[PDB]
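Take a look at the structure below.
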Amino acid sequence: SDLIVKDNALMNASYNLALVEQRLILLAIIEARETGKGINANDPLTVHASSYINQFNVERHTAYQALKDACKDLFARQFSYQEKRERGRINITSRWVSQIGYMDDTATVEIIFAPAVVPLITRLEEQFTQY
Amino acid sequence: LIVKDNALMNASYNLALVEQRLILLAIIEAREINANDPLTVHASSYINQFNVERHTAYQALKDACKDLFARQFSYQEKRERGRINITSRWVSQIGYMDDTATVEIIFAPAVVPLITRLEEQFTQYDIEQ
C-alpha cells in the first residue's frame with residue numbers, strides 16, 4: 001500500500017540523519033506538544049537550545065550552534081518513493097523540511113516539515129527515541 | 001531587514017525560463033493553491049502555450065522540476081526578541097509520471113502567499129506568447 005511504501009522509504013532515509021538532526025526533530029515534536037501547537041505543513045515549529053540542554057544534557061555552549069548546523073544539514077536532504085494517482089503511479093521526491101530559520105539572539109531555531117513527512121511524524125518520534 | 005517579497009522576487013530572476021514557465025503553468029492549470037496539495041502540469045499544456053520543441057518538452061519539464069527543487073532563497077523577519085534568518089525552498093515536493101507526460105509540484109509555504117505576484121511577473125514576461 002502507499003502508506004507502507006512511503007513509511008519504508010522515510011525510515012530507510014532516516015538512518016542517514018546525524019544524531020543532532022534526529023534530536024532536532026524530536027525536540028520540535030516535544031516542544032510543539034508542550035506549547036499546544038499541532039504539526040502541519042504550514043506552521044513553523046520552534047526549538048530552543050535550552051530544551052536541547054534540558055532534554056539531552058549536551059555541552060551548553062555548543063548546543064545552539066549544533067542545532068543551527070543541524071537545521072542546514074536536514075534542509076539539504078531528500079527522499080524518494082512512489083504513490084498511486086488516478087491515472088497511474090507517480091515518482092515523488094520530497095524534502096524533510098520546507099523551511100528553516102535561526103535566531104542568534106534567543107538561541108532558537110524554527111522548522112516546517114514537508115507535507116509528505118507530516119503524517120509520519122509519530123513514526124519518526126518512535127524511530128528516534130532512545131532509552 | 002531582508003524582506004521576503006524582495007528576496008523571493010529577486011530570486012525569481014535566477015530561474016531558468018523553463019522553471020518560470022513550469023510555475024506559471026501550475027498556477028494556470030490550478031485556476032482552470034496551498035502548501036499541502038500537489039499541482040499538476042501537463043507537457044501538452046506546455047507545448048500548447050509556448051514556442052518549445054514538442055519532442056523534448058516533457059523532458060525539459062522533468063529537468064526544470066529537479067532544478068527548481070534544488071533551489072533556495074533566504075530572508076529575515078522581525079520577532080519579539082530579535083531578527084530571524086529564514087531559508088526556504090521554492091517547492092517542498094516534486095513528482096513525475098512518464099506514461100502521461102505530467103509533472104507535479106507542491107509550493108513551499110513561504111511562496112504560497114506570493115503566488116499572485118509571481119503569476120503577474122511571469123505573465124508580463126511571456127505576454128507575447
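In the C-alpha cells, each chain is lettered A, B, ... as it comes, each chain's residues begin at 1, and ligands are numbered from 1 in order of appearance.
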
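Once residue 71 in chain B and its same-chain neighbours fewer than 3 positions away are set aside, residues 75, 76, 95 and 98 of chain A; 8, 11, 12, 14, 15, 16, 19, 64, 65, 66, 67, 68, 74, 87, 88, 89, 90, 91, 92 and 108 of chain B remain within 12 Å of it when counting only C-alpha atoms.
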
Keeping only C-alpha atoms, write the selected residues to a file as a compact mmCIF listing (two decimals), in the first residue's frame.
# COMPACT_ATOMS: atom_id res chain seq x y z
CA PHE A 75 17.32 21.07 4.93
CA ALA A 76 19.75 19.63 2.36
CA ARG A 95 12.27 17.22 1.37
CA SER A 98 10.47 23.05 3.51
CA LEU B 8 11.75 36.00 -3.48
CA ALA B 11 15.43 35.11 -6.59
CA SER B 12 12.84 34.62 -9.34
CA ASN B 14 17.63 33.47 -11.32
CA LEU B 15 15.23 30.76 -12.53
CA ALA B 16 15.68 29.31 -15.99
CA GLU B 19 11.29 26.79 -14.46
CA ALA B 64 13.09 22.01 -14.65
CA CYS B 65 11.35 20.28 -11.73
CA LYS B 66 14.67 18.92 -10.45
CA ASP B 67 16.42 22.28 -10.84
CA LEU B 68 13.60 24.16 -9.09
CA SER B 74 16.68 33.48 2.22
CA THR B 87 15.85 29.85 4.40
CA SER B 88 13.06 28.45 2.22
CA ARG B 89 12.64 26.12 -0.70
CA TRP B 90 10.55 27.04 -3.71
CA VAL B 91 8.83 23.62 -3.70
CA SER B 92 8.74 21.01 -0.92
CA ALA B 108 6.74 25.73 -0.07

Report the closest atom pair, with its distance in Å rounded to one decimal, for each residue of chain B that has an atom no farther than 8 Å from chain A; count only C-alpha atoms, sort by chain and then rising residue number, and write it as a Markdown table.
| residue | atom | partner | partner_atom | distance |
| --- | --- | --- | --- | --- |
| B:35 | CA | A:41 | CA | 6.2 |
| B:36 | CA | A:115 | CA | 5.6 |
| B:81 | CA | A:106 | CA | 6.9 |
| B:82 | CA | A:105 | CA | 6.3 |
| B:83 | CA | A:103 | CA | 6.2 |
| B:84 | CA | A:103 | CA | 4.6 |
| B:85 | CA | A:101 | CA | 5.3 |
| B:86 | CA | A:101 | CA | 4.1 |
| B:87 | CA | A:100 | CA | 5.4 |
| B:88 | CA | A:99 | CA | 4.4 |
| B:89 | CA | A:98 | CA | 5.7 |
| B:91 | CA | A:98 | CA | 7.4 |
| B:92 | CA | A:98 | CA | 5.2 |
| B:93 | CA | A:94 | CA | 4.4 |
| B:94 | CA | A:93 | CA | 5.4 |
| B:95 | CA | A:92 | CA | 4.2 |
| B:96 | CA | A:91 | CA | 5.4 |
| B:97 | CA | A:90 | CA | 5.0 |
| B:99 | CA | A:88 | CA | 7.9 |
| B:100 | CA | A:87 | CA | 7.8 |
| B:108 | CA | A:98 | CA | 5.8 |
| B:109 | CA | A:42 | CA | 5.6 |
| B:110 | CA | A:99 | CA | 7.9 |

Fewer than 6 positions away in the same chain doesn't count, so skip those; otherwise give me all residues within 12 Å of residue 120 in chain B, counting only C-alpha atoms, as an mmCIF file with C-alpha atoms, in the first residue's frame.
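The result, stored in part-v4.cif:
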data_model
loop_
_atom_site.group_PDB
_atom_site.id
_atom_site.type_symbol
_atom_site.label_atom_id
_atom_site.label_comp_id
_atom_site.auth_asym_id
_atom_site.auth_seq_id
_atom_site.Cartn_x
_atom_site.Cartn_y
_atom_site.Cartn_z
ATOM 1 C CA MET B 9 11.138 38.277 -6.457
ATOM 2 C CA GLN B 20 9.468 30.109 -14.586
ATOM 3 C CA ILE B 23 5.463 27.642 -12.119
ATOM 4 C CA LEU B 24 3.171 29.741 -14.306
ATOM 5 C CA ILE B 27 -0.826 28.323 -11.344
ATOM 6 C CA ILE B 28 -2.812 28.471 -14.602
ATOM 7 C CA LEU B 114 3.326 35.483 -3.122
ATOM 8 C CA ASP B 126 5.846 35.997 -21.557
ATOM 9 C CA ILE B 127 2.887 38.126 -22.636
#

Exercise for the section: Identify, on the basis of only C-alpha atoms, every residue whose closest approach to range 57-61 of chain B does not exceed 8 Å; exclude the query and any residue fewer than 3 positions from it along the same chain; express the result as JSON, numbers by chain. Expected result: {"B": [18, 19, 22, 43, 46, 47, 52, 53, 54, 64, 65, 101, 102, 103]}

Requested write-out: N, CA, C and O atoms of the selected residues, as a PDB file, in the first residue's frame:
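The result, stored in selection_32.pdb:
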ATOM      1  N   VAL B  18      12.384  27.794 -18.374  1.00  0.00           N
ATOM      2  CA  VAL B  18      11.504  26.637 -18.269  1.00  0.00           C
ATOM      3  C   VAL B  18      10.963  26.501 -16.852  1.00  0.00           C
ATOM      4  O   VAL B  18       9.813  26.096 -16.661  1.00  0.00           O
ATOM      5  N   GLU B  19      11.761  26.859 -15.837  1.00  0.00           N
ATOM      6  CA  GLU B  19      11.286  26.791 -14.456  1.00  0.00           C
ATOM      7  C   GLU B  19      10.216  27.840 -14.203  1.00  0.00           C
ATOM      8  O   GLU B  19       9.207  27.576 -13.530  1.00  0.00           O
ATOM      9  N   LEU B  22       7.151  26.534 -15.838  1.00  0.00           N
ATOM     10  CA  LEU B  22       6.585  25.461 -15.023  1.00  0.00           C
ATOM     11  C   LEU B  22       5.707  26.037 -13.924  1.00  0.00           C
ATOM     12  O   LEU B  22       4.567  25.610 -13.734  1.00  0.00           O
ATOM     13  N   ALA B  43       2.720  18.222 -19.940  1.00  0.00           N
ATOM     14  CA  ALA B  43       3.576  18.653 -21.037  1.00  0.00           C
ATOM     15  C   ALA B  43       2.752  19.151 -22.219  1.00  0.00           C
ATOM     16  O   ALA B  43       3.180  20.076 -22.917  1.00  0.00           O
ATOM     17  N   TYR B  46       2.237  22.798 -21.728  1.00  0.00           N
ATOM     18  CA  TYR B  46       3.489  23.492 -22.017  1.00  0.00           C
ATOM     19  C   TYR B  46       3.690  23.654 -23.515  1.00  0.00           C
ATOM     20  O   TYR B  46       3.985  24.753 -24.001  1.00  0.00           O
ATOM     21  N   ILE B  47       3.502  22.570 -24.270  1.00  0.00           N
ATOM     22  CA  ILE B  47       3.646  22.621 -25.723  1.00  0.00           C
ATOM     23  C   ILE B  47       2.632  23.576 -26.336  1.00  0.00           C
ATOM     24  O   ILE B  47       2.955  24.352 -27.248  1.00  0.00           O
ATOM     25  N   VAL B  52       7.978  25.909 -27.835  1.00  0.00           N
ATOM     26  CA  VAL B  52       9.027  24.958 -27.487  1.00  0.00           C
ATOM     27  C   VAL B  52       8.983  23.741 -28.396  1.00  0.00           C
ATOM     28  O   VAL B  52       7.939  23.391 -28.957  1.00  0.00           O
ATOM     29  N   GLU B  53      10.146  23.103 -28.560  1.00  0.00           N
ATOM     30  CA  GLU B  53      10.234  21.865 -29.325  1.00  0.00           C
ATOM     31  C   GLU B  53       9.401  20.783 -28.652  1.00  0.00           C
ATOM     32  O   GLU B  53       9.646  20.434 -27.495  1.00  0.00           O
ATOM     33  N   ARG B  54       8.431  20.232 -29.376  1.00  0.00           N
ATOM     34  CA  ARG B  54       7.483  19.335 -28.720  1.00  0.00           C
ATOM     35  C   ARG B  54       8.151  18.030 -28.295  1.00  0.00           C
ATOM     36  O   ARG B  54       7.766  17.447 -27.273  1.00  0.00           O
ATOM     37  N   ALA B  64      13.424  20.771 -15.332  1.00  0.00           N
ATOM     38  CA  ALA B  64      13.087  22.013 -14.646  1.00  0.00           C
ATOM     39  C   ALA B  64      12.577  21.741 -13.237  1.00  0.00           C
ATOM     40  O   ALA B  64      12.888  22.491 -12.306  1.00  0.00           O
ATOM     41  N   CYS B  65      11.794  20.672 -13.064  1.00  0.00           N
ATOM     42  CA  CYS B  65      11.354  20.279 -11.729  1.00  0.00           C
ATOM     43  C   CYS B  65      12.543  20.022 -10.812  1.00  0.00           C
ATOM     44  O   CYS B  65      12.578  20.496  -9.673  1.00  0.00           O
ATOM     45  N   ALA B 101       3.149  11.895 -19.323  1.00  0.00           N
ATOM     46  CA  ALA B 101       3.896  13.126 -19.582  1.00  0.00           C
ATOM     47  C   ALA B 101       3.382  14.278 -18.721  1.00  0.00           C
ATOM     48  O   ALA B 101       3.056  15.363 -19.215  1.00  0.00           O
ATOM     49  N   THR B 102       3.328  14.040 -17.408  1.00  0.00           N
ATOM     50  CA  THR B 102       2.889  15.040 -16.447  1.00  0.00           C
ATOM     51  C   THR B 102       3.902  15.163 -15.319  1.00  0.00           C
ATOM     52  O   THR B 102       4.603  14.204 -14.986  1.00  0.00           O
ATOM     53  N   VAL B 103       3.980  16.360 -14.740  1.00  0.00           N
ATOM     54  CA  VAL B 103       4.780  16.596 -13.547  1.00  0.00           C
ATOM     55  C   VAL B 103       3.896  17.234 -12.480  1.00  0.00           C
ATOM     56  O   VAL B 103       2.782  17.686 -12.742  1.00  0.00           O
TER      57      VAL B 103
END

Problem - Atom-to-atom span, CA of residue 33 in chain B and CA of residue 104 in chain B, Å - result: 12.6 Å

Handout entry: Distance in Å - CA of residue 107 in chain B versus CA of residue 7 in chain A
Key =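 If I compute the distance from CA of residue 107 in chain B to CA of residue 7 in chain A, I get 22.2 Å.
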
Exercise for the section: Mind listing the alpha helix (DSSP H) residues of chain B, per DSSP on the backbone, as a PyMOL selection string? Expected result: chain B and resi 4-12+17-31+43-49+57-70+115-125

Output C-alpha atoms for every residue in that selection, as a PDB file, in the first residue's frame.
ATOM      1  CA  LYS B   4      10.667  38.274   1.954  1.00  0.00           C
ATOM      2  CA  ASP B   5       8.893  39.739  -1.080  1.00  0.00           C
ATOM      3  CA  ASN B   6      12.084  41.441  -2.272  1.00  0.00           C
ATOM      4  CA  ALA B   7      14.186  38.323  -1.703  1.00  0.00           C
ATOM      5  CA  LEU B   8      11.755  35.998  -3.479  1.00  0.00           C
ATOM      6  CA  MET B   9      11.138  38.277  -6.457  1.00  0.00           C
ATOM      7  CA  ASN B  10      14.882  38.855  -6.861  1.00  0.00           C
ATOM      8  CA  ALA B  11      15.432  35.107  -6.591  1.00  0.00           C
ATOM      9  CA  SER B  12      12.842  34.621  -9.341  1.00  0.00           C
ATOM     10  CA  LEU B  17      12.842  30.203 -18.356  1.00  0.00           C
ATOM     11  CA  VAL B  18      11.504  26.637 -18.269  1.00  0.00           C
ATOM     12  CA  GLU B  19      11.286  26.791 -14.456  1.00  0.00           C
ATOM     13  CA  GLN B  20       9.468  30.109 -14.586  1.00  0.00           C
ATOM     14  CA  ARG B  21       7.034  28.619 -17.114  1.00  0.00           C
ATOM     15  CA  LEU B  22       6.585  25.461 -15.023  1.00  0.00           C
ATOM     16  CA  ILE B  23       5.463  27.642 -12.119  1.00  0.00           C
ATOM     17  CA  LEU B  24       3.171  29.741 -14.306  1.00  0.00           C
ATOM     18  CA  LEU B  25       1.559  26.648 -15.839  1.00  0.00           C
ATOM     19  CA  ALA B  26       0.965  25.131 -12.390  1.00  0.00           C
ATOM     20  CA  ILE B  27      -0.826  28.323 -11.344  1.00  0.00           C
ATOM     21  CA  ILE B  28      -2.812  28.471 -14.602  1.00  0.00           C
ATOM     22  CA  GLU B  29      -3.965  24.840 -14.534  1.00  0.00           C
ATOM     23  CA  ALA B  30      -4.924  25.252 -10.875  1.00  0.00           C
ATOM     24  CA  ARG B  31      -7.152  28.234 -11.673  1.00  0.00           C
ATOM     25  CA  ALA B  43       3.576  18.653 -21.037  1.00  0.00           C
ATOM     26  CA  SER B  44       0.744  19.064 -23.559  1.00  0.00           C
ATOM     27  CA  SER B  45      -0.154  22.379 -21.881  1.00  0.00           C
ATOM     28  CA  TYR B  46       3.489  23.492 -22.017  1.00  0.00           C
ATOM     29  CA  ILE B  47       3.646  22.621 -25.723  1.00  0.00           C
ATOM     30  CA  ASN B  48       0.333  24.307 -26.500  1.00  0.00           C
ATOM     31  CA  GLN B  49       1.142  27.534 -24.648  1.00  0.00           C
ATOM     32  CA  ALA B  57       9.153  19.288 -23.911  1.00  0.00           C
ATOM     33  CA  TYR B  58       8.278  16.731 -21.213  1.00  0.00           C
ATOM     34  CA  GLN B  59      11.945  16.001 -20.518  1.00  0.00           C
ATOM     35  CA  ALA B  60      12.521  19.755 -20.248  1.00  0.00           C
ATOM     36  CA  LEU B  61       9.815  19.928 -17.576  1.00  0.00           C
ATOM     37  CA  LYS B  62      11.294  16.982 -15.658  1.00  0.00           C
ATOM     38  CA  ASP B  63      14.685  18.706 -15.653  1.00  0.00           C
ATOM     39  CA  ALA B  64      13.087  22.013 -14.646  1.00  0.00           C
ATOM     40  CA  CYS B  65      11.354  20.279 -11.729  1.00  0.00           C
ATOM     41  CA  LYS B  66      14.667  18.920 -10.455  1.00  0.00           C
ATOM     42  CA  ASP B  67      16.415  22.283 -10.842  1.00  0.00           C
ATOM     43  CA  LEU B  68      13.602  24.159  -9.090  1.00  0.00           C
ATOM     44  CA  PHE B  69      13.644  21.596  -6.251  1.00  0.00           C
ATOM     45  CA  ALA B  70      17.382  22.227  -5.776  1.00  0.00           C
ATOM     46  CA  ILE B 115       1.890  33.260  -5.871  1.00  0.00           C
ATOM     47  CA  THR B 116      -0.256  36.052  -7.303  1.00  0.00           C
ATOM     48  CA  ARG B 117       2.818  38.284  -7.594  1.00  0.00           C
ATOM     49  CA  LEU B 118       4.771  35.502  -9.308  1.00  0.00           C
ATOM     50  CA  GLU B 119       1.869  34.882 -11.693  1.00  0.00           C
ATOM     51  CA  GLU B 120       1.783  38.560 -12.661  1.00  0.00           C
ATOM     52  CA  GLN B 121       5.557  38.837 -13.116  1.00  0.00           C
ATOM     53  CA  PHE B 122       5.781  35.692 -15.214  1.00  0.00           C
ATOM     54  CA  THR B 123       2.727  36.576 -17.309  1.00  0.00           C
ATOM     55  CA  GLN B 124       4.157  40.008 -18.058  1.00  0.00           C
ATOM     56  CA  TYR B 125       7.455  38.435 -19.089  1.00  0.00           C
TER      57      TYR B 125
END
